[PDB]
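Asks: In the entry's author numbering, the protein residues as written are 4 to 547.
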Ligand code: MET
Ligand SMILES: [Zn+2]
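#1: What separation, rounded to the nearest whole angstrom, lies between the Cα atoms of residue 135 and residue 37?
#2: Please work out which residues of its chain come closer than 7 Å, Cβ to Cβ, to residue 544, disregarding the five sequence neighbours upstream and downstream, and give them in chain order.
#3: Can you tell me whether residue 363 is helix, strand or coil according to DSSP?
#4: Under a criterion of Cβ closer than 5 Å to any non-hydrogen atom of ligand 1, which residues qualify, in chain order?
#5: Looking at residue 408 and residue 481, is the spacing between their C-beta atoms short of 8 Å?
#6: Among 399, 423, 184, 18, which residue has its Cα nearest to the Cα of residue 475?
#7: Smallest Cα separation from residue 441: which of 468, 487, 253?
#8: Distance, Cα to Cα, residue 78 vs residue 431?
#9: Is the CB-CB distance between residue 2 and residue 534 below 8 Å?
#10: Closer than 6 Å between the C-beta and any heavy atom of ligand 2: which residues qualify, listed along the chain?
#11: What's the gap between the Cα of residue 12 and the Cα of residue 525?
#12: Taking its Cβ as the centre, do 16 or more other Cβ atoms sit within 10 Å of residue 270, making it buried, or is it exposed?
#13: In three-state DSSP terms, what is residue 436?
#14: CB residue 323 to CB residue 30, shorter than 8 Å?
#15: What ranges does the beta strand (DSSP E) occupy inside the region 328–405, keeping only unbroken runs of at least 3 residues that lie completely in it?
#16: Taking the beta carbon of residue 461 as the centre, do at least 16 other beta carbons fall within 10 Å, making it buried, or is it exposed?
#17: Output the distance between the C-alpha atoms of residue 289 and residue 384, rounded to the nearest integer angstrom.
#18: Across which residues does DSSP place residue 314 in a beta bridge pair?
#19: Going along the chain, which residues of its own chain have a beta-carbon closer than 8 Å to the beta-carbon of residue 449, five neighbours each way excluded?
#20: Comparing C-alpha positions only, which one of 257, 178, 217, 417 sits nearest to residue 483?
#21: Note down the Cα distance separating residue 584 from residue 272, rounded to an integer number of angstroms.
#22: Provide the residue span of the alpha helix (DSSP H) that contains residue 161, from first to last.
#23: Using C-beta distances below 6 Å, list every residue in its chain close to residue 241, excluding the 5 sequence neighbours before and after it, in chain order.
#24: Considering only DSSP beta bridges, list what residue 1 is partnered with.
#25: Taking residue 217 as part of the alpha helix (DSSP H), name the residues at either end of that continuous run.
#26: By the three-class DSSP mapping on this structure, what secondary structure does residue 263 have?
#27: Between residue 548 and the rest of its own chain, which residues show a CB-CB distance below 8 Å, the 5 nearest in sequence each way excluded?
#28: Quick one: Cα of residue 217 to Cα of residue 105, how far?
#29: Counting pairs of beta carbons, one from the region 170–184 and one from the region 122–134, are three or more of them closer than 8 Å?
#30: Please work out which residues of its chain come closer than 7 Å, Cβ to Cβ, to residue 231, disregarding the five sequence neighbours upstream and downstream, and give them in chain order.
#31: Using a threshold of 8 Å, state whether the C-beta atoms of residue 395 and residue 470 are closer than that.
#32: Would DSSP call residue 109 helix, strand or coil?
#33: May I ask you to report which of helix, strand or coil DSSP gives residue 187?
#34: Would you check if the distance between the CB atom of residue 473 and the CB atom of residue 459 is smaller than 8 Å?
#35: Among 23, 210, 17, which residue has its Cα nearest to the Cα of residue 73?
#36: Return the bridge partner residues of residue 9 from the DSSP annotation.
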């Protein structure tokens, strides 16, 4: 049995969970659930990313402490993820004592090992508020076209890009004061020292080909030292021996993966597992599910930080593309920027889990939630292919056979075709070829419904003396359903619970080798109802 630690990217504490987050957390959860079904020791770890200037300023605007604000959003996030049945073993915070101690430890080791440099830089500073301004907190007049009220390093009228130091009549977004250039000592992590190590990782064949190709572009451009400090005022961890300096959020954020695992171990009273998973000699596997926009941090800075502080590196990064809705980036004006909480007011979690899983693969590709296709595909595949095998057969079993399935399989050869597919389906889940797994499962569902059609139970049921035939046919259909629901168990947790209640058995991967024979099933009310476009229209309207 493998030991596996899986993470999803840590959501920022200053925004609600939306469908883009859900693509990532669902992808990881399906994989995790499959790994658990195969008997491995799995630790699925996440946390909120709770530090930084935007969070500090948002709390001040609200008139509450950053601690109060991040606590409220942590609860909101966890409520939403729980509503999608994301099965974390721990959900922590980057604002935690575990992360503080690990961040200080890693920094101290990097510094002792020669990988931290000090250099003075010049940056725009708000002298009224008394703080350095990140680019997006500077506004002013575009130097090229002279359009007013442009933010940061680009103009939204003419498209020009420039340093915010080129803005005409610049103003602080925080206070309205004119910012000025001011010097400050910063601490830099010497990423270039790890170039050769990182290039060897890129060539090893572990990473997605598309990621390795992108890393070659980054090596070609040239790795640079990374500014890992920020001046007070800041919401984050103060740097030891450097009063008024804090770790930049992105230094502490991936350390939060470690902090969340440490927290889990400590709450369990487990004094051995942290080192077993994070020491250089670990035989455990470490996987990060992440999106395209944060690959640089996870493929360059993070393995280098770990190497330089005597910790093991990720076994692999699993990168996914962006979500689109109706083919386009989510759009607030069109009502396609959809929050996870809003989704659940209109649809169940399983429907979105299924739809995303049917489109996901081991490559980086944007995943399109086409809302018309969502209705058609959920209805066709879940209602009319898979659940249909239970719903068309269970009534006869309950009403005419006292709930008891036949004592032998009617078609053992067909059953073996279903169980023989377990190897290819499992390998598809394992390899993250989720769309392939779904295609194989739905091809089997088509075969199962073809079998039932060929036996014509709606004819058999009306014909004198054919009770045994009817029980045989319907039991066969229910056994095929048992197998398909096992293959779909990582994808559809709530439907699976309903199926397990009907079948009076827990679904296990190996259990499909023993069909249900001479076995009592329970009645059910609909396992899964149809959806329609009126519900989609309501979701979109509610999201505007
Ligand atoms: C250590 S992963 C941090 C991810 C970051 N909060 C983001 O949402 O992009
Ligand atoms: Zn302009």
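Here a beta-carbon is modelled for each residue, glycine too, at the ideal position from N, C-alpha and C.
Replies: The answer reads as follows:
#1: Translated into positions along the chain shown, residue 135 becomes position 132. Translated into positions along the chain shown, residue 37 becomes position 34. Whole-angstrom Cα-Cα distance: 47 Å.
#2: Translated into the one-based positions of the chain shown, residue 544 becomes position 541. Taken in chain order, the residues that qualify are 338.
#3: Numbered from 1 along the chain shown, position 360 holds the residue referred to as residue 363. Coil at residue 363, not helix or strand.
#4: 12, 13, 15, 52, 256, 257, 297
#5: One-based indexing of the chain shown puts residue 481 at position 478. One-based indexing of the chain shown puts residue 408 at position 405. Yes, Cβ-Cβ distance for residue 481 and residue 408 is below 8 Å.
#6: Working through the chain shown from its first residue, we reach residue 475 at position 472. When each option's Cα is compared against that of residue 475, the closest is 399.
#7: Along the chain shown, read from residue 1 onward, the residue named residue 441 stands at position 438. Taking only the C-alpha atoms, the option nearest residue 441 is 487.
#8: What you label residue 78 is simply residue 75 of the chain shown in a count that begins at 1. What you label residue 431 is simply residue 428 of the chain shown in a count that begins at 1. If I take the Cα positions, the gap works out to 34 Å.
#9: In the structure displayed, the chain extends from 4 to 547; residue 2 sits before or after that span and is not available.
#10: The set of residues with any CB-heavy atom separation to ligand 2 below 6 Å comprises, in chain order, 145, 147, 148, 150, 158, 160, 161, 163.
#11: In the chain shown, counting from the first residue as 1, residue 12 sits at position 9. In the chain shown, counting from the first residue as 1, residue 525 sits at position 522. So the two alpha carbons sit approximately 41 Å from each other.
#12: Taking the first residue of the chain shown as 1, we reach residue 270 at position 267. So residue 270 counts as exposed.
#13: As a working mapping, residue 436 is identified with position 433 in the chain shown. The answer is coil: DSSP assigns residue 436 none of H, G, I, E or B.
#14: As a first step, residue 323 is located in the chain shown; it is residue number 320 there, counting from the start. As a first step, residue 30 is located in the chain shown; it is residue number 27 there, counting from the start. It is a contact, given that the beta carbons lie within the stated cut-off.
#15: 370–372
#16: In the chain shown, residue 461 corresponds to position 458, counting from 1. With fewer than 16 Cβ atoms within 10 Å of its Cβ, residue 461 is classed as exposed.
#17: Locating residue 289 in the chain shown gives position 286, counting from the first residue. Locating residue 384 in the chain shown gives position 381, counting from the first residue. Going by the C-alpha atoms only, they are around 34 Å apart.
#18: Taking the first residue of the chain shown as position 1, residue 314 is located at position 311. 282.
#19: Working through the chain shown from its first residue, we reach residue 449 at position 446. Contacts found: 388.
#20: What you label residue 483 is simply residue 480 of the chain shown in a count that begins at 1. Measuring from the Cα of residue 483, the nearest candidate turns out to be 417.
#21: With the chain covering 4 to 547 only, the question about residue 584 has no answer from this structure.
#22: Here residue 161 refers to the residue found at position 158 when the chain shown is read from its first residue. Looking at the DSSP string, residue 161 is not in any alpha helix (DSSP H), and its letter there is neither H nor E.
#23: Within the chain shown, the letter at position 238 stands for residue 241. Counting only Cβ-Cβ distances below 6 Å, and skipping sequence neighbours, we find 249.
#24: Residue 1 cannot be examined here, being either before or after the span of the chain that is shown, 4 to 547.
#25: Within the chain shown, residue 217 is the residue found at index 214, counting from 1. Run containing residue 217: 212–224, per the alpha helix (DSSP H) assignment.
#26: Along the chain shown, read from residue 1 onward, the residue named residue 263 stands at position 260. Residue 263 falls in the helix class under three-state DSSP.
#27: Only positions 4 to 547 of the chain appear in this structure, which leaves residue 548 out of reach.
#28: To locate residue 217, count along the chain shown from 1; it is residue 214. To locate residue 105, count along the chain shown from 1; it is residue 102. The alpha-carbon atoms of residue 217 and residue 105 are separated by roughly 30 Å.
#29: Contact holds between the region 170–184 and the region 122–134, because three or more Cβ pairs, one in each stretch, are under 8 Å apart.
#30: Numbered from its first residue, the chain shown carries residue 231 at position 228. If we look at residue 231 and ignore the five residues flanking it on each side, its Cβ neighbours are 190, 191, 192, 250, 251, 254.
#31: As a working note, residue 395 is residue 392 in the chain shown. As a working note, residue 470 is residue 467 in the chain shown. In this structure, the beta-carbon distance from residue 395 to residue 470 does not fall below 8 Å.
#32: Counting from one through the chain shown, the residue named residue 109 turns up at place 106. Residue 109 falls in the helix class under three-state DSSP.
#33: On the chain shown, residue 187 is found 184 positions in, with the first residue counted as 1. Here residue 187 sits in strand by DSSP.
#34: If you number the chain shown from 1, residue 473 lands on position 470. If you number the chain shown from 1, residue 459 lands on position 456. Going by C-beta atoms, residue 473 is not nearer than 8 Å to residue 459.
#35: As a working note, residue 73 is residue 70 in the chain shown. The shortest Cα separation from residue 73 among 23, 210, 17 belongs to 17.
#36: Walking along the chain shown from the start, residue 9 turns up at place 6. Paired residue(s): 47, 290.
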